[PDB]
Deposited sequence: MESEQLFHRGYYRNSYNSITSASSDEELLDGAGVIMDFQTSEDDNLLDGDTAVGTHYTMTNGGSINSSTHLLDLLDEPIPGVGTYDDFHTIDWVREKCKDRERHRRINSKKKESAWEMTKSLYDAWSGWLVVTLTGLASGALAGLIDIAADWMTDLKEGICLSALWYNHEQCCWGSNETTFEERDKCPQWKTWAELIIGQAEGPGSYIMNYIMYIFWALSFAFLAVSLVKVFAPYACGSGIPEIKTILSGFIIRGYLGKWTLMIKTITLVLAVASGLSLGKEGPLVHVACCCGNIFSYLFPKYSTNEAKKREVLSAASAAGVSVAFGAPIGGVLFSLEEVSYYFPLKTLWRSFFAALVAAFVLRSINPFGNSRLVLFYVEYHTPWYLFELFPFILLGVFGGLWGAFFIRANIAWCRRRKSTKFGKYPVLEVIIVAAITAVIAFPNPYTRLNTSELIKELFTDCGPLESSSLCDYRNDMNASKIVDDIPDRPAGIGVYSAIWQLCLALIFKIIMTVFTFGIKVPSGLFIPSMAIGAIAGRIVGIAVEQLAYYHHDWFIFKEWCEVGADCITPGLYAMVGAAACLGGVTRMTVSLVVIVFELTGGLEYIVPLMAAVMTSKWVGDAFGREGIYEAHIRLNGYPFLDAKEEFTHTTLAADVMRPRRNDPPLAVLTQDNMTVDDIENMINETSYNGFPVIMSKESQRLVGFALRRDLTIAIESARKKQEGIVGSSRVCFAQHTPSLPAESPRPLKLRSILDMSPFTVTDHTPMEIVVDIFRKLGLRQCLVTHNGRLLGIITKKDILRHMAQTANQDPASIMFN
């Protein structure tokens, strides 16, 4: 057809059936081309390998970017505490891997220990946090506004067919890559693991621009984006299987069979890239590499389930809190000052985090410490009480304070105009809760070994209880409660920790949290953010009442004027242009005759206008007076049959709306023409269905 036909405007959903049709047509054209010449055969071979090439490129880019982001974030976070003068590039761990590393008090005051030294370290920590937060927020605001947030909700919307031009562009990729490091260094209650999914998706789109097959077709690009998201999760947690599971379960609306293996290969490639730079570019959580000698016991499930509950409860709170706060940001005036809000939040976070050791420590390092088990070699404060008796109260008090601080700050941190992730904060909260619960259980076992359960399961005076396992279970429970992921979450946690023996516990806790979350609402944080942003997302959970019928959702209805229709013949180009300008319809039905109202096809408004303009430019005399004939082949009438869709999806008025919604979800229909007695009556658009579902939810 005319060039530009089939293209989609910004902020508009795609029609998956049409995309598959163009993909099939292009495949047929290439199949016929091969026989023509050997160069055509080579081009077809390249096209067949285009999927492998694009997924490999996306995985390589995701791994490299994840490594660079990890290294830069670690160095910048260590920069707050001090500086390694001997090796400026080296961070605190590398500097001491110490006299070379000097705290800011040593740099300025000259005294490593003292009230003035502590005060100066406090001010410098706050100043560095503020500087990093301000730089991040300014960079997002100036260059790439889309770089803010995790991006998982927008990726979910896009993979459902939605289009957000510039979200996965080069500008967003670069700005998000820099701002993730800046925000993580700032000490805000956020993580970079989730946003790596968006980073990988941006890389995948950029590489898809290279291959004509994926660039031309939106559905193919969305499969590439699903593979990219799998690779992003893999690099985030070193969980390629977990990444594939997340892609299938969370972000991929449609997950064909081949896309599974493509995503797995991309994730493995990205993980291998990270491993090649190991351990420089691998987060210490990704390199947890720790095991618990004592196998988990059946009675320990009861605490784990409890943790599960807590997780769910916390999620039920967080989804209710953050959303509300976010809604206020969208409704109140404080959302008009993103830079000021970010700076203030960073200031409060640093101010309350510096006094407490756990909060001051970087969140990923705190999660690592909590997951690590206690032992004679370990000198962590958490184990001090175990060394003292076998102060527990002081450690528990500090851990509870850190838990409360993290819980309160994550609500006000998620949603701000900087790249923020919820995975790391949720894992930290759950890990602190699990560490507290495990410490309590160990103390109960040691003090009350006379109990038959403790005596039978654990030998008298034996450290059967491992706080690290409890912390891992709590982190998984909190993540399940907030995100509502069930299997992908468990596999990701297992791959991050490497402990298969603890698969059964984790799952259990996760499920409990999920169920508890479902008690207060079946919508996850990502889904809630999708709804808050107003994106056109249709989900399987959403459903219509049985009484609802297609006639109810028909666009023309009663109050609205008669729906715009196009006669096949006897219509001028000026008439089509006037109809295009008058109405904002995604497309117009085309009928045999005005009186007959017999559906002939459905011509997209964009395609109609593009074809009319291209014909005007190509052929002289088309001043709008010439007629347009949608039928198959002086006036020189314009032919618009090519743009016309000859087999639009048709449903009856008496059809239940549940079947219509199922058709829309399975086939990804942009619109469906409701016809009565063989004649056109109305159109039900995905926008209309989404509007009706939103109205039902608001009720």
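Visitor: Give the ranges of the deposited sequence, numbered from 1, for which the structure holds no C-alpha coordinates, in sequence order.
Guide: Those parts of the chain that were deposited but carry no coordinates are 1 to 77, 175 to 186, 480 to 494, 738 to 744, 811 to 818.
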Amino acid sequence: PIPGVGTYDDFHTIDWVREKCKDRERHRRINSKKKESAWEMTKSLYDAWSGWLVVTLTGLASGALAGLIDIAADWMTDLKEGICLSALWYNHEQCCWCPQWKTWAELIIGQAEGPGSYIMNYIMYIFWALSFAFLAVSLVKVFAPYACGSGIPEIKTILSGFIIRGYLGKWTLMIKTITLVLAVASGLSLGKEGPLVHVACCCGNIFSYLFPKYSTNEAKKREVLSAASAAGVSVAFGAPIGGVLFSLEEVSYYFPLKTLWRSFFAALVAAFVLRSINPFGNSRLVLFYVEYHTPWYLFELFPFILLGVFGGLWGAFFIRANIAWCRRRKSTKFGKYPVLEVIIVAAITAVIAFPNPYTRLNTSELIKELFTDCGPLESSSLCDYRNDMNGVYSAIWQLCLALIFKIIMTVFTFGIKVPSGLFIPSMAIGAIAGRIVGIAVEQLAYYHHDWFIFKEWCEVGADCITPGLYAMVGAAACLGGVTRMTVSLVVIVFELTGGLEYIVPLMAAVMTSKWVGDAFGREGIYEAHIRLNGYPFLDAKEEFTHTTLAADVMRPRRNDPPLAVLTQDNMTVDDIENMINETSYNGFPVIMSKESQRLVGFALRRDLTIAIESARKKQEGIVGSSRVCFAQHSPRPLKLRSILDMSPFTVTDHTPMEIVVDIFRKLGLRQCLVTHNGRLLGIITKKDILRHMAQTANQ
From here on, numbers count along this sequence of modelled residues.
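Note that the rigid core is defined as the largest set of C-alphas that superpose within 1.5 Å between two forms.
Visitor: Compare 420 to 428 with 455 to 463 and report which one shows the larger root mean square C-alpha deviation from this form in 4 other deposited structures of this protein once the rigid core is superposed.
Guide: Of 420 to 428 and 455 to 463, the stretch deviating more in 4 other deposited structures of this protein is 455 to 463.
Visitor: Core-superposed in 4 other deposited structures of this protein, which stretch deviates more in Cα positions, 287 to 295 or 574 to 582?
Guide: When 287 to 295 and 574 to 582 are compared in 4 other deposited structures of this protein, the bigger C-alpha shift is seen for 287 to 295.
Visitor: Check whether residue 315 has no coordinates in at least a third of the other compared PDB entries of this protein, counting only entries that model residues on both sides of it.
Guide: No.
Visitor: Would residue 281 be found without coordinates in at least a third of the other compared entries?
Guide: Comparison shows residue 281 dropped in at least a third of the other entries.
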